[PDB]
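As provided, run-v7.txt (compact mmCIF, N, CA and C atoms) reads as follows.
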```txt
# COMPACT_ATOMS: atom_id res chain seq x y z
N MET A 4 71.96 16.41 34.24
CA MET A 4 72.03 15.06 34.77
C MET A 4 70.80 14.28 34.34
N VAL A 5 70.94 13.46 33.29
CA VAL A 5 69.84 12.66 32.79
C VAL A 5 70.35 11.29 32.38
N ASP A 6 69.42 10.37 32.11
CA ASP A 6 69.78 9.02 31.71
C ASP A 6 68.69 8.44 30.82
N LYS A 7 68.95 7.26 30.25
CA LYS A 7 67.99 6.60 29.38
C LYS A 7 66.71 6.31 30.16
N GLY A 8 65.89 7.34 30.37
CA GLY A 8 64.64 7.18 31.09
C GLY A 8 64.35 8.43 31.92
N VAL A 9 65.01 9.54 31.57
CA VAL A 9 64.82 10.79 32.28
C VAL A 9 64.52 11.90 31.28
N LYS A 10 63.49 12.70 31.56
CA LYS A 10 63.11 13.79 30.69
C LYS A 10 63.81 15.07 31.13
N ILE A 11 64.04 15.99 30.19
CA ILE A 11 64.69 17.25 30.48
C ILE A 11 64.25 18.30 29.48
N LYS A 12 63.76 19.44 29.98
CA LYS A 12 63.31 20.52 29.12
C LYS A 12 64.50 21.37 28.69
N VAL A 13 65.14 20.98 27.59
CA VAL A 13 66.29 21.70 27.07
C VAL A 13 65.94 22.34 25.74
N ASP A 14 66.63 23.43 25.40
CA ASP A 14 66.39 24.13 24.15
C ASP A 14 67.64 24.10 23.29
N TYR A 15 67.71 23.15 22.36
CA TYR A 15 68.85 23.02 21.48
C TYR A 15 68.63 23.84 20.22
N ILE A 16 69.72 24.26 19.58
CA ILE A 16 69.65 25.05 18.36
C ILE A 16 70.36 24.33 17.23
N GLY A 17 69.76 23.24 16.74
CA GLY A 17 70.34 22.47 15.66
C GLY A 17 70.63 23.37 14.47
N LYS A 18 71.86 23.31 13.96
CA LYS A 18 72.26 24.12 12.82
C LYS A 18 72.71 23.22 11.68
N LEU A 19 73.29 23.82 10.64
CA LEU A 19 73.76 23.08 9.49
C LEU A 19 75.28 23.11 9.44
N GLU A 20 75.87 22.23 8.63
CA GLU A 20 77.31 22.17 8.49
C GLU A 20 77.85 23.54 8.09
N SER A 21 76.96 24.52 7.97
CA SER A 21 77.35 25.86 7.60
C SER A 21 77.10 26.82 8.76
N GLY A 22 76.50 26.30 9.84
CA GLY A 22 76.21 27.11 11.01
C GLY A 22 74.86 27.79 10.85
N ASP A 23 73.97 27.19 10.06
CA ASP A 23 72.65 27.73 9.83
C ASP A 23 71.65 27.07 10.76
N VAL A 24 71.01 27.86 11.62
CA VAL A 24 70.03 27.35 12.56
C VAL A 24 68.79 26.88 11.81
N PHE A 25 68.55 25.57 11.81
CA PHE A 25 67.40 25.01 11.13
C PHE A 25 66.30 24.71 12.14
N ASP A 26 66.69 24.37 13.37
CA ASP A 26 65.74 24.06 14.42
C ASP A 26 66.25 24.58 15.75
N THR A 27 65.38 25.24 16.51
CA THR A 27 65.76 25.79 17.80
C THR A 27 64.53 25.89 18.70
N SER A 28 64.68 25.50 19.96
CA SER A 28 63.59 25.55 20.91
C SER A 28 63.49 26.95 21.51
N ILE A 29 64.61 27.67 21.53
CA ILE A 29 64.65 29.01 22.07
C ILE A 29 64.18 30.00 21.02
N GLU A 30 62.97 30.54 21.20
CA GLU A 30 62.41 31.49 20.26
C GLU A 30 63.42 32.61 20.00
N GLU A 31 64.16 33.00 21.04
CA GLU A 31 65.15 34.05 20.92
C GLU A 31 66.04 33.78 19.72
N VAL A 32 66.83 32.70 19.79
CA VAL A 32 67.73 32.33 18.72
C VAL A 32 66.99 32.38 17.39
N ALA A 33 65.73 31.93 17.39
CA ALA A 33 64.93 31.92 16.19
C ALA A 33 65.05 33.26 15.47
N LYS A 34 64.93 34.35 16.23
CA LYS A 34 65.03 35.68 15.66
C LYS A 34 66.45 35.94 15.20
N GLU A 35 67.43 35.35 15.89
CA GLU A 35 68.82 35.52 15.54
C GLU A 35 69.14 34.73 14.28
N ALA A 36 68.22 33.85 13.88
CA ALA A 36 68.41 33.04 12.69
C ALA A 36 67.34 33.38 11.66
N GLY A 37 66.37 34.21 12.06
CA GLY A 37 65.30 34.61 11.16
C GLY A 37 64.35 33.44 10.93
N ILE A 38 63.95 32.77 12.01
CA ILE A 38 63.05 31.64 11.92
C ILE A 38 62.05 31.68 13.06
N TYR A 39 62.04 32.79 13.81
CA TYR A 39 61.13 32.95 14.92
C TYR A 39 59.73 32.52 14.52
N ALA A 40 59.50 32.41 13.21
CA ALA A 40 58.20 32.01 12.70
C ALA A 40 57.20 33.14 12.89
N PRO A 41 55.98 32.95 12.37
CA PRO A 41 54.90 33.92 12.46
C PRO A 41 54.36 33.95 13.88
N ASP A 42 53.51 32.98 14.22
CA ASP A 42 52.92 32.91 15.54
C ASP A 42 53.52 31.73 16.30
N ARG A 43 54.28 30.89 15.60
CA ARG A 43 54.90 29.73 16.21
C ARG A 43 55.46 30.11 17.58
N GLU A 44 55.55 29.12 18.47
CA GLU A 44 56.06 29.36 19.81
C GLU A 44 57.19 28.38 20.11
N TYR A 45 58.43 28.85 20.01
CA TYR A 45 59.59 28.01 20.27
C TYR A 45 59.78 27.85 21.77
N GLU A 46 59.39 26.69 22.30
CA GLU A 46 59.53 26.42 23.72
C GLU A 46 60.58 25.34 23.95
N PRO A 47 60.85 25.02 25.21
CA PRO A 47 61.81 24.02 25.62
C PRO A 47 61.27 22.63 25.30
N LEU A 48 62.05 21.84 24.57
CA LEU A 48 61.64 20.50 24.20
C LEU A 48 62.09 19.51 25.27
N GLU A 49 61.13 18.92 25.98
CA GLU A 49 61.44 17.96 27.02
C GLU A 49 61.60 16.57 26.42
N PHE A 50 62.86 16.18 26.18
CA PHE A 50 63.15 14.88 25.61
C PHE A 50 63.56 13.91 26.71
N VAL A 51 63.48 12.61 26.42
CA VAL A 51 63.85 11.60 27.39
C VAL A 51 64.92 10.69 26.80
N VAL A 52 66.13 10.75 27.35
CA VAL A 52 67.23 9.94 26.88
C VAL A 52 66.83 8.47 26.89
N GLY A 53 65.69 8.16 27.52
CA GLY A 53 65.21 6.80 27.60
C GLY A 53 63.89 6.67 26.84
N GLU A 54 63.84 7.22 25.63
CA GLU A 54 62.65 7.16 24.81
C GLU A 54 63.02 7.21 23.34
N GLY A 55 64.30 7.47 23.05
CA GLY A 55 64.78 7.54 21.69
C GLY A 55 64.21 8.77 20.99
N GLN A 56 63.61 9.67 21.77
CA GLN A 56 63.02 10.88 21.23
C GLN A 56 63.97 11.50 20.21
N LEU A 57 65.00 12.20 20.71
CA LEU A 57 65.97 12.84 19.84
C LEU A 57 67.05 11.84 19.45
N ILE A 58 67.84 12.19 18.43
CA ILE A 58 68.91 11.32 17.96
C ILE A 58 69.85 10.99 19.11
N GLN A 59 70.26 9.73 19.21
CA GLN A 59 71.15 9.29 20.27
C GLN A 59 72.24 10.33 20.47
N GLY A 60 73.03 10.59 19.43
CA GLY A 60 74.10 11.56 19.50
C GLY A 60 73.76 12.65 20.50
N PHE A 61 72.77 13.48 20.15
CA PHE A 61 72.35 14.57 21.02
C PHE A 61 71.94 14.01 22.38
N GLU A 62 71.17 12.92 22.37
CA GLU A 62 70.72 12.30 23.60
C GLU A 62 71.91 11.97 24.49
N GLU A 63 73.09 11.83 23.88
CA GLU A 63 74.29 11.52 24.61
C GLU A 63 74.96 12.80 25.08
N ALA A 64 74.94 13.83 24.23
CA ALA A 64 75.54 15.11 24.56
C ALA A 64 74.84 15.72 25.76
N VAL A 65 73.68 15.16 26.12
CA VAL A 65 72.91 15.65 27.25
C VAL A 65 73.02 14.66 28.40
N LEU A 66 73.25 13.39 28.09
CA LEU A 66 73.38 12.36 29.10
C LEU A 66 74.31 12.83 30.20
N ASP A 67 75.30 13.65 29.84
CA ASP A 67 76.25 14.17 30.80
C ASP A 67 76.15 15.68 30.87
N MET A 68 74.92 16.20 31.02
CA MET A 68 74.70 17.63 31.09
C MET A 68 73.68 17.94 32.17
N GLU A 69 74.09 18.70 33.19
CA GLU A 69 73.21 19.07 34.28
C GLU A 69 72.14 20.03 33.78
N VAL A 70 71.34 20.56 34.71
CA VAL A 70 70.29 21.49 34.37
C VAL A 70 70.87 22.88 34.19
N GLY A 71 70.96 23.34 32.94
CA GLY A 71 71.50 24.65 32.64
C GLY A 71 72.76 24.53 31.79
N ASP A 72 73.21 23.29 31.56
CA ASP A 72 74.39 23.04 30.77
C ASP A 72 74.10 23.34 29.31
N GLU A 73 75.15 23.34 28.48
CA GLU A 73 75.00 23.61 27.06
C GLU A 73 76.11 22.92 26.28
N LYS A 74 75.73 22.11 25.29
CA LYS A 74 76.69 21.40 24.47
C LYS A 74 76.36 21.59 23.00
N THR A 75 77.02 22.56 22.36
CA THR A 75 76.79 22.83 20.95
C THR A 75 77.72 21.98 20.10
N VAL A 76 77.38 20.70 19.94
CA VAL A 76 78.18 19.79 19.15
C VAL A 76 77.42 19.40 17.89
N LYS A 77 78.13 18.82 16.92
CA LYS A 77 77.53 18.40 15.68
C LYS A 77 77.36 16.88 15.66
N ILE A 78 76.11 16.42 15.62
CA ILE A 78 75.83 15.00 15.59
C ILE A 78 76.04 14.45 14.19
N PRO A 79 76.71 13.30 14.09
CA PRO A 79 77.00 12.63 12.84
C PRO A 79 75.72 12.02 12.28
N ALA A 80 75.53 12.13 10.96
CA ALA A 80 74.36 11.59 10.31
C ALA A 80 74.15 10.15 10.74
N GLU A 81 75.14 9.58 11.42
CA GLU A 81 75.06 8.21 11.88
C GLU A 81 74.24 8.14 13.16
N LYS A 82 74.42 9.13 14.04
CA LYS A 82 73.69 9.18 15.29
C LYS A 82 72.35 9.87 15.09
N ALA A 83 72.31 10.84 14.17
CA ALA A 83 71.10 11.58 13.88
C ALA A 83 70.12 10.68 13.13
N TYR A 84 70.15 10.76 11.80
CA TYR A 84 69.27 9.96 10.97
C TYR A 84 70.00 8.73 10.47
N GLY A 85 71.10 8.38 11.14
CA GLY A 85 71.89 7.22 10.76
C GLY A 85 72.01 7.14 9.25
N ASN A 86 72.98 7.86 8.69
CA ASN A 86 73.21 7.87 7.26
C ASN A 86 71.88 8.05 6.53
N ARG A 87 71.88 7.77 5.23
CA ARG A 87 70.68 7.90 4.42
C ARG A 87 69.91 6.58 4.42
N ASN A 88 68.60 6.66 4.20
CA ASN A 88 67.76 5.48 4.17
C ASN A 88 67.66 4.94 2.75
N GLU A 89 67.42 3.64 2.61
CA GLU A 89 67.30 3.01 1.31
C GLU A 89 65.85 3.05 0.85
N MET A 90 64.92 3.11 1.80
CA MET A 90 63.51 3.14 1.49
C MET A 90 63.12 4.54 1.01
N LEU A 91 64.10 5.44 0.94
CA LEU A 91 63.87 6.80 0.50
C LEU A 91 64.38 6.98 -0.93
N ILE A 92 64.82 5.88 -1.54
CA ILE A 92 65.33 5.92 -2.90
C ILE A 92 64.18 5.86 -3.89
N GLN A 93 63.89 6.98 -4.55
CA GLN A 93 62.81 7.04 -5.51
C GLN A 93 63.37 6.93 -6.92
N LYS A 94 62.50 6.68 -7.90
CA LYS A 94 62.91 6.55 -9.28
C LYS A 94 61.81 7.07 -10.20
N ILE A 95 61.96 8.31 -10.67
CA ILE A 95 60.98 8.91 -11.55
C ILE A 95 61.42 8.75 -13.00
N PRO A 96 60.46 8.77 -13.93
CA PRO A 96 60.70 8.64 -15.35
C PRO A 96 61.35 9.91 -15.89
N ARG A 97 62.35 9.75 -16.75
CA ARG A 97 63.04 10.88 -17.33
C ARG A 97 62.04 11.97 -17.70
N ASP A 98 60.85 11.56 -18.14
CA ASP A 98 59.81 12.50 -18.52
C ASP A 98 59.40 13.33 -17.31
N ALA A 99 59.36 12.70 -16.14
CA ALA A 99 58.98 13.38 -14.92
C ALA A 99 59.70 14.72 -14.83
N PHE A 100 60.75 14.89 -15.64
CA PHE A 100 61.51 16.12 -15.65
C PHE A 100 61.83 16.52 -17.08
N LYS A 101 61.85 15.54 -17.98
CA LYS A 101 62.14 15.79 -19.38
C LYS A 101 61.44 17.06 -19.83
N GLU A 102 60.19 17.25 -19.40
CA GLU A 102 59.42 18.42 -19.76
C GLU A 102 59.63 19.52 -18.73
N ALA A 103 60.89 19.72 -18.32
CA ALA A 103 61.22 20.74 -17.34
C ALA A 103 62.73 20.81 -17.17
N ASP A 104 63.28 22.02 -17.29
CA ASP A 104 64.71 22.23 -17.15
C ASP A 104 65.21 21.54 -15.88
N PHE A 105 64.28 21.07 -15.05
CA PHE A 105 64.62 20.40 -13.81
C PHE A 105 65.71 19.37 -14.07
N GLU A 106 65.93 19.04 -15.35
CA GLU A 106 66.94 18.07 -15.72
C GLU A 106 67.72 17.63 -14.49
N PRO A 107 67.36 16.46 -13.95
CA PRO A 107 67.99 15.88 -12.78
C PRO A 107 69.38 15.37 -13.15
N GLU A 108 70.28 15.35 -12.17
CA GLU A 108 71.64 14.89 -12.39
C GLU A 108 72.05 13.92 -11.29
N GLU A 109 73.02 13.06 -11.58
CA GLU A 109 73.50 12.10 -10.61
C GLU A 109 74.17 12.81 -9.45
N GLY A 110 73.38 13.55 -8.67
CA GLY A 110 73.90 14.28 -7.53
C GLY A 110 73.02 15.48 -7.22
N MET A 111 71.86 15.55 -7.88
CA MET A 111 70.93 16.65 -7.67
C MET A 111 70.31 16.55 -6.29
N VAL A 112 69.59 17.60 -5.89
CA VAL A 112 68.95 17.64 -4.59
C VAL A 112 67.77 18.60 -4.62
N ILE A 113 66.68 18.19 -5.27
CA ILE A 113 65.49 19.01 -5.37
C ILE A 113 64.41 18.48 -4.44
N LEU A 114 63.75 19.37 -3.71
CA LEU A 114 62.70 18.99 -2.79
C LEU A 114 61.34 19.34 -3.38
N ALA A 115 60.28 18.72 -2.85
CA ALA A 115 58.94 18.97 -3.32
C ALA A 115 58.16 19.76 -2.28
N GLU A 116 58.85 20.18 -1.21
CA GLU A 116 58.22 20.94 -0.15
C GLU A 116 59.12 20.98 1.07
N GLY A 117 60.17 20.15 1.06
CA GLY A 117 61.11 20.10 2.16
C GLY A 117 62.05 18.91 2.00
N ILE A 118 61.49 17.76 1.61
CA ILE A 118 62.28 16.56 1.42
C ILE A 118 62.93 16.58 0.04
N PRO A 119 64.26 16.69 0.01
CA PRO A 119 65.04 16.73 -1.21
C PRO A 119 65.07 15.34 -1.84
N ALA A 120 65.49 15.27 -3.10
CA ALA A 120 65.56 14.01 -3.81
C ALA A 120 66.96 13.82 -4.39
N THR A 121 67.84 13.18 -3.62
CA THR A 121 69.20 12.94 -4.06
C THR A 121 69.19 12.05 -5.30
N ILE A 122 69.25 12.66 -6.48
CA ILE A 122 69.25 11.93 -7.73
C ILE A 122 70.57 11.17 -7.88
N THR A 123 70.60 9.93 -7.38
CA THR A 123 71.79 9.11 -7.47
C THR A 123 71.90 8.50 -8.85
N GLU A 124 70.79 8.48 -9.59
CA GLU A 124 70.77 7.92 -10.92
C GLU A 124 70.36 8.99 -11.93
N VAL A 125 71.13 9.12 -13.01
CA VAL A 125 70.85 10.10 -14.04
C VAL A 125 70.72 9.40 -15.39
N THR A 126 69.86 8.38 -15.46
CA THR A 126 69.66 7.65 -16.69
C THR A 126 68.73 8.43 -17.61
N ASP A 127 69.18 8.66 -18.85
CA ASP A 127 68.40 9.39 -19.82
C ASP A 127 67.00 8.78 -19.93
N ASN A 128 66.75 7.73 -19.14
CA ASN A 128 65.46 7.07 -19.15
C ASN A 128 64.75 7.31 -17.83
N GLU A 129 65.51 7.66 -16.79
CA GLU A 129 64.95 7.91 -15.48
C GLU A 129 66.05 8.31 -14.51
N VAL A 130 65.66 8.83 -13.35
CA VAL A 130 66.61 9.25 -12.34
C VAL A 130 66.19 8.71 -10.98
N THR A 131 67.17 8.28 -10.18
CA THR A 131 66.90 7.75 -8.86
C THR A 131 67.08 8.84 -7.81
N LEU A 132 66.03 9.64 -7.61
CA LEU A 132 66.08 10.72 -6.63
C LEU A 132 65.87 10.16 -5.24
N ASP A 133 66.97 9.92 -4.52
CA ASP A 133 66.90 9.39 -3.17
C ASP A 133 66.36 10.45 -2.22
N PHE A 134 65.06 10.39 -1.93
CA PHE A 134 64.43 11.34 -1.04
C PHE A 134 65.32 11.59 0.17
N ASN A 135 65.66 10.51 0.89
CA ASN A 135 66.51 10.62 2.06
C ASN A 135 65.90 11.60 3.05
N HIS A 136 66.63 12.69 3.33
CA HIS A 136 66.16 13.70 4.26
C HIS A 136 67.14 14.86 4.29
N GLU A 137 66.78 15.93 5.01
CA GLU A 137 67.63 17.10 5.11
C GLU A 137 68.92 16.74 5.85
N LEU A 138 68.78 15.99 6.95
CA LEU A 138 69.93 15.59 7.74
C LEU A 138 70.35 14.18 7.35
N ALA A 139 69.79 13.67 6.25
CA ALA A 139 70.11 12.34 5.78
C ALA A 139 71.59 12.26 5.41
N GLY A 140 72.26 11.20 5.85
CA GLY A 140 73.67 11.02 5.57
C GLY A 140 74.41 12.34 5.71
N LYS A 141 74.00 13.15 6.69
CA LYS A 141 74.62 14.44 6.92
C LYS A 141 74.61 14.76 8.41
N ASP A 142 75.67 15.41 8.90
CA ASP A 142 75.77 15.77 10.30
C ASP A 142 75.30 17.20 10.50
N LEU A 143 74.62 17.46 11.62
CA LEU A 143 74.12 18.78 11.93
C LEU A 143 74.52 19.17 13.34
N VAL A 144 74.62 20.48 13.59
CA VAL A 144 74.99 20.98 14.90
C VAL A 144 73.82 20.81 15.87
N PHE A 145 74.09 21.00 17.16
CA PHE A 145 73.06 20.87 18.18
C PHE A 145 73.43 21.70 19.40
N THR A 146 72.99 22.96 19.41
CA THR A 146 73.28 23.85 20.52
C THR A 146 72.30 23.60 21.66
N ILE A 147 72.28 22.36 22.16
CA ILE A 147 71.39 21.99 23.25
C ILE A 147 71.58 22.95 24.41
N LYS A 148 70.75 22.79 25.45
CA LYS A 148 70.83 23.64 26.62
C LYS A 148 69.81 23.20 27.66
N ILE A 149 70.26 22.39 28.63
CA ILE A 149 69.39 21.90 29.67
C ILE A 149 68.84 23.06 30.49
N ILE A 150 67.54 23.04 30.75
CA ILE A 150 66.90 24.09 31.52
C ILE A 150 66.22 23.50 32.75
N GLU A 151 65.84 22.22 32.66
CA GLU A 151 65.18 21.55 33.76
C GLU A 151 65.25 20.04 33.56
N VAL A 152 64.60 19.29 34.45
CA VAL A 152 64.58 17.84 34.37
C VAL A 152 63.20 17.32 34.73
N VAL A 153 62.71 16.34 33.97
CA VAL A 153 61.40 15.76 34.21
C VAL A 153 61.45 14.26 33.95
N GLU A 154 60.36 13.72 33.41
CA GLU A 154 60.28 12.30 33.11
C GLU A 154 58.85 11.93 32.74
```

Could you write out this file's structure as structure tokens?
Amino acid sequence: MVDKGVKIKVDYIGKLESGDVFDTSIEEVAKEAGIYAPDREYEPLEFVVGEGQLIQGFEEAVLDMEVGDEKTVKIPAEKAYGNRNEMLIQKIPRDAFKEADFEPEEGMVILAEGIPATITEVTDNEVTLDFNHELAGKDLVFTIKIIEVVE
């Protein structure tokens, strides 16, 4: 039971359109996904439906969830990162890869550490690697789980 202005310590297990746990507050699941991390400590994330903390979508899947509830739904890239961003559209010189089999293609997705570059342009002169994001223009699961309520 929360609203736009109520905090709640819930542990969601955001996954991928493939069911791959990418983010989880429950350290347990972390081990079930092989992401428990080294020393990292997966604790309950206290979000506030009235702070825009988490993506609305999820913020809504909890809006109607008491303390202890669980809603493993997939938020649409529209509610999550709201489709892809335009300010994430990069454009490197063909050379930026010409000297590397990296040969970008009009649909590539290479990251430099985590942020992929959706190469929407494959001009033999350059490529438009739309950085975007991992959940950019993509929907991801959310195995939320209310554990408490705060603010």

Can I get the residues of range 60-88 of chain A within 6.5 Å of range 129-142 of chain A, each with the closest pair of atoms and their distance in Å to one decimal, using only N, CA and C atoms, sorted chain first then ascending number, as a Markdown table?
```
| residue | atom | partner | partner_atom | distance |
| --- | --- | --- | --- | --- |
| A:77 | C | A:142 | C | 5.6 |
| A:78 | C | A:142 | CA | 4.1 |
| A:79 | CA | A:142 | CA | 4.2 |
| A:80 | CA | A:141 | C | 3.7 |
| A:81 | N | A:141 | C | 6.0 |
| A:84 | N | A:138 | C | 5.6 |
| A:85 | C | A:140 | N | 5.3 |
| A:86 | C | A:140 | N | 3.2 |
| A:87 | N | A:140 | N | 3.5 |
| A:88 | N | A:135 | CA | 5.0 |
```

Range 45-57 of chain A environment, 8 Å, all atoms listed in the file, sequence neighbours closer than 3 positions dropped, as a PyMOL selection string: chain A and resi 5-15+27-31+33+39-40+42+60-63+65-66+82-83+150-154

N, CA and C atoms of the current selection, written as a compact mmCIF listing (two decimals), in the frame of the given file:
```txt
# COMPACT_ATOMS: atom_id res chain seq x y z
N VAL A 5 70.94 13.46 33.29
CA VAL A 5 69.84 12.66 32.79
C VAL A 5 70.35 11.29 32.38
N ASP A 6 69.42 10.37 32.11
CA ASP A 6 69.78 9.02 31.71
C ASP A 6 68.69 8.44 30.82
N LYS A 7 68.95 7.26 30.25
CA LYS A 7 67.99 6.60 29.38
C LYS A 7 66.71 6.31 30.16
N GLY A 8 65.89 7.34 30.37
CA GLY A 8 64.64 7.18 31.09
C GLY A 8 64.35 8.43 31.92
N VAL A 9 65.01 9.54 31.57
CA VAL A 9 64.82 10.79 32.28
C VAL A 9 64.52 11.90 31.28
N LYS A 10 63.49 12.70 31.56
CA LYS A 10 63.11 13.79 30.69
C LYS A 10 63.81 15.07 31.13
N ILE A 11 64.04 15.99 30.19
CA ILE A 11 64.69 17.25 30.48
C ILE A 11 64.25 18.30 29.48
N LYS A 12 63.76 19.44 29.98
CA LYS A 12 63.31 20.52 29.12
C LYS A 12 64.50 21.37 28.69
N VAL A 13 65.14 20.98 27.59
CA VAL A 13 66.29 21.70 27.07
C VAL A 13 65.94 22.34 25.74
N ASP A 14 66.63 23.43 25.40
CA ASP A 14 66.39 24.13 24.15
C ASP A 14 67.64 24.10 23.29
N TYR A 15 67.71 23.15 22.36
CA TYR A 15 68.85 23.02 21.48
C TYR A 15 68.63 23.84 20.22
N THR A 27 65.38 25.24 16.51
CA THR A 27 65.76 25.79 17.80
C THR A 27 64.53 25.89 18.70
N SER A 28 64.68 25.50 19.96
CA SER A 28 63.59 25.55 20.91
C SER A 28 63.49 26.95 21.51
N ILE A 29 64.61 27.67 21.53
CA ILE A 29 64.65 29.01 22.07
C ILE A 29 64.18 30.00 21.02
N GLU A 30 62.97 30.54 21.20
CA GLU A 30 62.41 31.49 20.26
C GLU A 30 63.42 32.61 20.00
N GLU A 31 64.16 33.00 21.04
CA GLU A 31 65.15 34.05 20.92
C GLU A 31 66.04 33.78 19.72
N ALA A 33 65.73 31.93 17.39
CA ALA A 33 64.93 31.92 16.19
C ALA A 33 65.05 33.26 15.47
N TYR A 39 62.04 32.79 13.81
CA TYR A 39 61.13 32.95 14.92
C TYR A 39 59.73 32.52 14.52
N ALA A 40 59.50 32.41 13.21
CA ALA A 40 58.20 32.01 12.70
C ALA A 40 57.20 33.14 12.89
N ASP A 42 53.51 32.98 14.22
CA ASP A 42 52.92 32.91 15.54
C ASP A 42 53.52 31.73 16.30
N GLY A 60 73.03 10.59 19.43
CA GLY A 60 74.10 11.56 19.50
C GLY A 60 73.76 12.65 20.50
N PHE A 61 72.77 13.48 20.15
CA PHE A 61 72.35 14.57 21.02
C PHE A 61 71.94 14.01 22.38
N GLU A 62 71.17 12.92 22.37
CA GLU A 62 70.72 12.30 23.60
C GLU A 62 71.91 11.97 24.49
N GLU A 63 73.09 11.83 23.88
CA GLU A 63 74.29 11.52 24.61
C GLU A 63 74.96 12.80 25.08
N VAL A 65 73.68 15.16 26.12
CA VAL A 65 72.91 15.65 27.25
C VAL A 65 73.02 14.66 28.40
N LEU A 66 73.25 13.39 28.09
CA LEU A 66 73.38 12.36 29.10
C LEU A 66 74.31 12.83 30.20
N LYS A 82 74.42 9.13 14.04
CA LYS A 82 73.69 9.18 15.29
C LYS A 82 72.35 9.87 15.09
N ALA A 83 72.31 10.84 14.17
CA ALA A 83 71.10 11.58 13.88
C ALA A 83 70.12 10.68 13.13
N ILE A 150 67.54 23.04 30.75
CA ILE A 150 66.90 24.09 31.52
C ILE A 150 66.22 23.50 32.75
N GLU A 151 65.84 22.22 32.66
CA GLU A 151 65.18 21.55 33.76
C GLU A 151 65.25 20.04 33.56
N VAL A 152 64.60 19.29 34.45
CA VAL A 152 64.58 17.84 34.37
C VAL A 152 63.20 17.32 34.73
N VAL A 153 62.71 16.34 33.97
CA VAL A 153 61.40 15.76 34.21
C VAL A 153 61.45 14.26 33.95
N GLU A 154 60.36 13.72 33.41
CA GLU A 154 60.28 12.30 33.11
C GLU A 154 58.85 11.93 32.74
```

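Between residue 37 in chain A and the candidates A:149, A:58, A:24, A:90, the tightest atom-to-atom separation, counting all atoms listed in the file, involves A:24.
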
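The closest residue to residue 67 in chain A, picked from A:144, A:96, A:4, A:115 and counting only C-alpha atoms, is A:4.
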
Å distance separating CA of residue 117 in chain A from atom N of residue 147 in chain A, one decimal place: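 One can read the CA of residue 117 in chain A to atom N of residue 147 in chain A distance as 23.0 Å.
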
Best match for closeness to residue 128 in chain A among A:97, A:145, A:107, A:18, counting all atoms listed in the file: A:97

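Atom N of residue 16 in chain A is positioned 9.0 Å from CA of residue 74 in chain A.
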
Residue list (strand (DSSP E), DSSP) for range 13-56 of chain A, as a PyMOL selection string: chain A and resi 13+16-17+26-27+48-51

One-decimal distance in Å that lies between atom C of residue 112 in chain A and CA of residue 126 in chain A: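 Atom-to-atom, CA of residue 126 in chain A and atom C of residue 112 in chain A are spaced 16.4 Å apart.
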
Which residue of A:118, A:148, A:111, A:101 approaches residue 70 in chain A most closely, using only C-alpha atoms: A:148
